[PDB]
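Everything below belongs to entry39.pdb, which stores PDB, C-alpha atoms (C1' of nucleotides) and all ligand atoms.
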ATOM      1  CA  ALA A   2     -21.732 -46.258 -40.642  1.00  0.00           C
ATOM      2  CA  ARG A   3     -24.551 -43.727 -40.348  1.00  0.00           C
ATOM      3  CA  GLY A   4     -24.923 -40.509 -42.308  1.00  0.00           C
ATOM      4  CA  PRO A   5     -27.480 -38.560 -40.315  1.00  0.00           C
ATOM      5  CA  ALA A   6     -26.032 -35.522 -38.599  1.00  0.00           C
ATOM      6  CA  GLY A   7     -28.539 -34.635 -35.901  1.00  0.00           C
ATOM      7  CA  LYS A   8     -28.036 -31.749 -33.497  1.00  0.00           C
ATOM      8  CA  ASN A   9     -27.889 -34.791 -31.208  1.00  0.00           C
ATOM      9  CA  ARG A  10     -24.400 -35.459 -32.568  1.00  0.00           C
ATOM     10  CA  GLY A  11     -21.149 -34.501 -30.900  1.00  0.00           C
ATOM     11  CA  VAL A  12     -22.074 -32.879 -27.609  1.00  0.00           C
ATOM     12  CA  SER A  13     -21.849 -36.007 -25.483  1.00  0.00           C
ATOM     13  CA  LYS A  14     -18.208 -36.773 -26.265  1.00  0.00           C
ATOM     14  CA  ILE A  15     -15.621 -37.115 -23.457  1.00  0.00           C
ATOM     15  CA  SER A  16     -13.916 -34.158 -25.092  1.00  0.00           C
ATOM     16  CA  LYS A  17     -16.204 -31.384 -23.880  1.00  0.00           C
ATOM     17  CA  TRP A  18     -16.904 -32.423 -20.311  1.00  0.00           C
ATOM     18  CA  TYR A  19     -13.391 -33.607 -19.520  1.00  0.00           C
ATOM     19  CA  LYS A  20     -10.103 -31.734 -19.688  1.00  0.00           C
ATOM     20  CA  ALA A  21      -6.798 -33.217 -18.554  1.00  0.00           C
ATOM     21  CA  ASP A  22      -5.222 -30.205 -16.838  1.00  0.00           C
ATOM     22  CA  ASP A  23      -2.353 -31.760 -14.930  1.00  0.00           C
ATOM     23  CA  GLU A  24       0.318 -30.786 -17.438  1.00  0.00           C
ATOM     24  CA  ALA A  25       2.020 -27.408 -17.339  1.00  0.00           C
ATOM     25  CA  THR A  26       0.785 -25.155 -20.133  1.00  0.00           C
ATOM     26  CA  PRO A  27       3.194 -22.305 -20.949  1.00  0.00           C
ATOM     27  CA  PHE A  28       1.187 -19.101 -20.889  1.00  0.00           C
ATOM     28  CA  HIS A  29       0.912 -16.512 -23.742  1.00  0.00           C
ATOM     29  CA  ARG A  30       2.596 -13.103 -23.367  1.00  0.00           C
ATOM     30  CA  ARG A  31       1.691 -10.188 -25.599  1.00  0.00           C
ATOM     31  CA  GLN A  32       4.985  -8.330 -25.113  1.00  0.00           C
ATOM     32  CA  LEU A  33       7.459 -10.930 -26.326  1.00  0.00           C
ATOM     33  CA  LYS A  34       6.034 -12.401 -29.481  1.00  0.00           C
ATOM     34  CA  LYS A  35       5.081  -8.979 -30.897  1.00  0.00           C
ATOM     35  CA  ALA A  36       8.236  -7.766 -32.677  1.00  0.00           C
ATOM     36  CA  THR A  37       9.687  -8.944 -35.979  1.00  0.00           C
ATOM     37  CA  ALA A  38      11.548  -7.548 -38.995  1.00  0.00           C
ATOM     38  CA  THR A  39      14.484  -7.820 -41.435  1.00  0.00           C
ATOM     39  CA  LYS A  40      17.561  -5.687 -42.054  1.00  0.00           C
ATOM     40  CA  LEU A  41      20.429  -5.621 -44.521  1.00  0.00           C
ATOM     41  CA  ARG A  42      23.872  -4.315 -43.731  1.00  0.00           C
ATOM     42  CA  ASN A  43      24.768  -1.121 -45.533  1.00  0.00           C
ATOM     43  CA  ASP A  44      27.453  -2.925 -47.565  1.00  0.00           C
ATOM     44  CA  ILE A  45      24.815  -5.165 -49.137  1.00  0.00           C
ATOM     45  CA  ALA A  46      23.745  -3.678 -52.462  1.00  0.00           C
ATOM     46  CA  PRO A  47      21.609  -5.170 -55.266  1.00  0.00           C
ATOM     47  CA  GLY A  48      24.098  -7.077 -57.424  1.00  0.00           C
ATOM     48  CA  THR A  49      27.118  -6.917 -55.157  1.00  0.00           C
ATOM     49  CA  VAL A  50      29.708  -9.664 -54.880  1.00  0.00           C
ATOM     50  CA  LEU A  51      29.244 -11.668 -51.731  1.00  0.00           C
ATOM     51  CA  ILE A  52      31.823 -14.032 -50.279  1.00  0.00           C
ATOM     52  CA  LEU A  53      30.352 -17.388 -49.544  1.00  0.00           C
ATOM     53  CA  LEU A  54      31.753 -18.513 -46.200  1.00  0.00           C
ATOM     54  CA  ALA A  55      30.098 -21.702 -44.920  1.00  0.00           C
ATOM     55  CA  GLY A  56      28.415 -23.150 -48.004  1.00  0.00           C
ATOM     56  CA  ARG A  57      29.125 -26.368 -49.832  1.00  0.00           C
ATOM     57  CA  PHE A  58      30.025 -23.605 -52.250  1.00  0.00           C
ATOM     58  CA  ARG A  59      31.962 -21.668 -49.661  1.00  0.00           C
ATOM     59  CA  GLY A  60      35.082 -19.867 -50.768  1.00  0.00           C
ATOM     60  CA  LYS A  61      33.145 -18.542 -53.758  1.00  0.00           C
ATOM     61  CA  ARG A  62      32.381 -15.006 -54.885  1.00  0.00           C
ATOM     62  CA  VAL A  63      28.796 -14.744 -55.886  1.00  0.00           C
ATOM     63  CA  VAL A  64      26.126 -12.233 -56.990  1.00  0.00           C
TER
ATOM     64  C1'   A B   1     -40.937 -46.079  61.096  1.00  0.00           C
ATOM     65  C1'   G B   2     -40.602 -41.540  58.442  1.00  0.00           C
ATOM     66  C1'   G B   3     -38.380 -37.079  54.675  1.00  0.00           C
ATOM     67  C1'   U B   4     -35.096 -35.998  50.610  1.00  0.00           C
ATOM     68  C1'   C B   5     -31.765 -36.685  45.981  1.00  0.00           C
ATOM     69  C1'   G B   6     -30.372 -40.572  42.541  1.00  0.00           C
ATOM     70  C1'   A B   7     -31.101 -44.885  38.871  1.00  0.00           C
ATOM     71  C1'   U B   8     -34.412 -47.460  35.638  1.00  0.00           C
ATOM     72  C1'   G B   9     -38.955 -45.655  32.134  1.00  0.00           C
ATOM     73  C1'   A B  10     -44.925 -45.076  30.866  1.00  0.00           C
ATOM     74  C1'   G B  11     -46.142 -40.776  29.372  1.00  0.00           C
ATOM     75  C1'   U B  12     -45.970 -35.350  28.103  1.00  0.00           C
ATOM     76  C1'   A B  13     -44.636 -32.003  24.810  1.00  0.00           C
ATOM     77  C1'   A B  14     -40.555 -27.171  25.379  1.00  0.00           C
ATOM     78  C1'   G B  15     -35.456 -27.801  22.532  1.00  0.00           C
ATOM     79  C1'   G B  16     -33.630 -30.929  18.822  1.00  0.00           C
ATOM     80  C1'   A B  17     -33.632 -34.096  14.872  1.00  0.00           C
ATOM     81  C1'   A B  18     -30.875 -39.877  14.560  1.00  0.00           C
ATOM     82  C1'   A B  19     -35.818 -43.469  13.485  1.00  0.00           C
ATOM     83  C1'   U B  20     -41.262 -43.097  10.706  1.00  0.00           C
ATOM     84  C1'   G B  21     -44.410 -39.930   7.657  1.00  0.00           C
ATOM     85  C1'   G B  22     -44.724 -35.653   4.025  1.00  0.00           C
ATOM     86  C1'   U B  23     -42.534 -32.085   0.519  1.00  0.00           C
ATOM     87  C1'   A B  24     -38.599 -30.300  -2.583  1.00  0.00           C
ATOM     88  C1'   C B  25     -34.409 -31.474  -5.155  1.00  0.00           C
ATOM     89  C1'   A B  26     -32.197 -35.277  -8.533  1.00  0.00           C
ATOM     90  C1'   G B  27     -27.649 -39.365  -9.832  1.00  0.00           C
ATOM     91  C1'   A B  28     -29.820 -44.081 -10.466  1.00  0.00           C
ATOM     92  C1'   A B  29     -33.327 -49.083 -12.833  1.00  0.00           C
ATOM     93  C1'   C B  30     -36.585 -47.963 -16.446  1.00  0.00           C
ATOM     94  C1'   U B  31     -38.846 -45.697 -21.233  1.00  0.00           C
ATOM     95  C1'   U B  32     -37.991 -42.182 -25.615  1.00  0.00           C
ATOM     96  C1'   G B  33     -33.647 -41.080 -28.485  1.00  0.00           C
ATOM     97  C1'   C B  34     -29.305 -42.468 -35.033  1.00  0.00           C
ATOM     98  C1'   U B  35     -25.234 -41.325 -30.596  1.00  0.00           C
ATOM     99  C1'   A B  36     -21.320 -42.572 -26.882  1.00  0.00           C
ATOM    100  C1'   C B  37     -16.799 -46.408 -26.928  1.00  0.00           C
ATOM    101  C1'   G B  38     -12.313 -48.037 -28.485  1.00  0.00           C
ATOM    102  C1'   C B  39      -8.546 -49.654 -32.552  1.00  0.00           C
ATOM    103  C1'   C B  40      -6.401 -48.190 -36.986  1.00  0.00           C
ATOM    104  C1'   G B  41      -6.001 -43.994 -41.002  1.00  0.00           C
ATOM    105  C1'   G B  42      -5.163 -39.170 -42.833  1.00  0.00           C
ATOM    106  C1'   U B  43      -6.084 -33.710 -42.003  1.00  0.00           C
ATOM    107  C1'   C B  44      -6.794 -29.321 -38.793  1.00  0.00           C
ATOM    108  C1'   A B  45      -5.370 -27.418 -34.131  1.00  0.00           C
ATOM    109  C1'   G B  46      -2.680 -27.402 -29.381  1.00  0.00           C
ATOM    110  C1'   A B  47       1.884 -29.248 -27.479  1.00  0.00           C
ATOM    111  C1'   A B  48       6.622 -30.804 -28.997  1.00  0.00           C
ATOM    112  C1'   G B  49      13.055 -35.230 -27.470  1.00  0.00           C
ATOM    113  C1'   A B  50      18.739 -34.078 -28.053  1.00  0.00           C
ATOM    114  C1'   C B  51      22.482 -31.139 -30.285  1.00  0.00           C
ATOM    115  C1'   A B  52      22.313 -26.818 -32.879  1.00  0.00           C
ATOM    116  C1'   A B  53      22.066 -22.106 -36.516  1.00  0.00           C
ATOM    117  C1'   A B  54      19.727 -17.345 -37.454  1.00  0.00           C
ATOM    118  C1'   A B  55      16.307 -13.362 -35.784  1.00  0.00           C
ATOM    119  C1'   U B  56      13.987 -10.238 -32.099  1.00  0.00           C
ATOM    120  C1'   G B  57      13.777  -8.377 -27.302  1.00  0.00           C
ATOM    121  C1'   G B  58      14.965  -8.238 -21.475  1.00  0.00           C
ATOM    122  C1'   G B  59      18.095  -8.533 -16.593  1.00  0.00           C
ATOM    123  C1'   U B  60      23.879  -8.114 -15.529  1.00  0.00           C
ATOM    124  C1'   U B  61      28.033  -6.233 -17.697  1.00  0.00           C
ATOM    125  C1'   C B  62      32.128  -5.148 -21.632  1.00  0.00           C
ATOM    126  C1'   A B  63      33.790  -2.560 -25.657  1.00  0.00           C
ATOM    127  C1'   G B  64      33.849   1.170 -29.971  1.00  0.00           C
ATOM    128  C1'   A B  65      31.573   5.922 -31.950  1.00  0.00           C
ATOM    129  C1'   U B  66      28.972  10.981 -31.410  1.00  0.00           C
ATOM    130  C1'   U B  67      26.293  15.600 -29.808  1.00  0.00           C
ATOM    131  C1'   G B  68      24.644  19.630 -26.524  1.00  0.00           C
ATOM    132  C1'   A B  69      24.925  22.993 -21.928  1.00  0.00           C
ATOM    133  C1'   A B  70      27.135  25.294 -17.880  1.00  0.00           C
ATOM    134  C1'   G B  71      31.949  26.680 -15.235  1.00  0.00           C
ATOM    135  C1'   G B  72      36.522  28.171 -14.887  1.00  0.00           C
ATOM    136  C1'   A B  73      42.096  34.484 -12.356  1.00  0.00           C
ATOM    137  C1'   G B  74      33.803  35.160 -16.278  1.00  0.00           C
ATOM    138  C1'   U B  75      39.745  30.009 -17.078  1.00  0.00           C
ATOM    139  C1'   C B  76      44.946  30.466 -19.706  1.00  0.00           C
ATOM    140  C1'   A B  77      46.059  31.689 -24.302  1.00  0.00           C
ATOM    141  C1'   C B  78      46.454  32.968 -30.214  1.00  0.00           C
ATOM    142  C1'   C B  79      46.046  36.415 -34.443  1.00  0.00           C
ATOM    143  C1'   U B  80      45.949  42.289 -36.175  1.00  0.00           C
ATOM    144  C1'   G B  81      49.478  45.573 -33.533  1.00  0.00           C
ATOM    145  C1'   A B  82      51.652  51.779 -31.553  1.00  0.00           C
TER
HETATM  146 MG    MG C 101      -5.029 -40.287 -34.033  1.00  0.00          MG
END
Whole structure, structure tokens version:
Amino acid sequence: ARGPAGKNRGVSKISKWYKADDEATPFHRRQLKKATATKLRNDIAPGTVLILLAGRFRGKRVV
RNA sequence: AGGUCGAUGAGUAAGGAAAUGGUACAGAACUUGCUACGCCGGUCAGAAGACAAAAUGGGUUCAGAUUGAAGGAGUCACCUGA
């Protein structure tokens, strides 16, 4: 191995001067990915009893 | 016999530019250069098979709930009632 990092290092790699473009690249859209949030239904209250439906624990009333 | 056009091609230099020369580019062989290659490895980033769950939003549509305004023989009427 060599340890010198010269400004001569890294610019001549295949990676800069060649791009393989032939694949389809899905474009970015500002108007889709913009919105996110959380809500809780009005019946959810801190410390309510919830009914576990699908859980390995389902059928159980929980806090 | 004569005259004329044509074909071959010395020349000539008008047009043009294939051959030669010159100039400019610059892609090569060369020379300087602590690098470019690939294989494997892990991380960062991009992308991500099949069946799915949740969330958000759009086109098409379905359902359940509300509110306001105008108009009515300025609807009709009702109450109090000689
Ligand atoms: Mg790798």
Surrounding residues as JSON, numbers by chain, ligand MG 101 (chain C), max 9 Å, all atoms listed in the file: {"B": [40, 41, 42]}
Expected answer as a list in words: chain A residues within 9 Å of chain B, all atoms listed in the file: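 Contact residues on the first chain: residues 3, 4, 5, 6, 7, 9, 10, 11, 13, 14, 15, 26, 33, 34, 36, 37, 38 and 39 of chain A.
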Residues matched by the PyMOL selection byres (((chain A and resi 62) around 8) and not hetatm) as a list in words: residues 50, 51, 52, 53, 60, 61, 63 and 64 of chain A
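Taking atom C1' of residue 54 of chain B and atom CA of residue 43 of chain A as the two end points, the separation is 18.8 Å.
Going from atom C1' of residue 49 of chain B over to atom CA of residue 19 of chain A, you cover 27.7 Å.
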Atom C1' of residue 67 of chain B to atom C1' of residue 79 of chain B, straight-line distance in Å: 29.1 Å
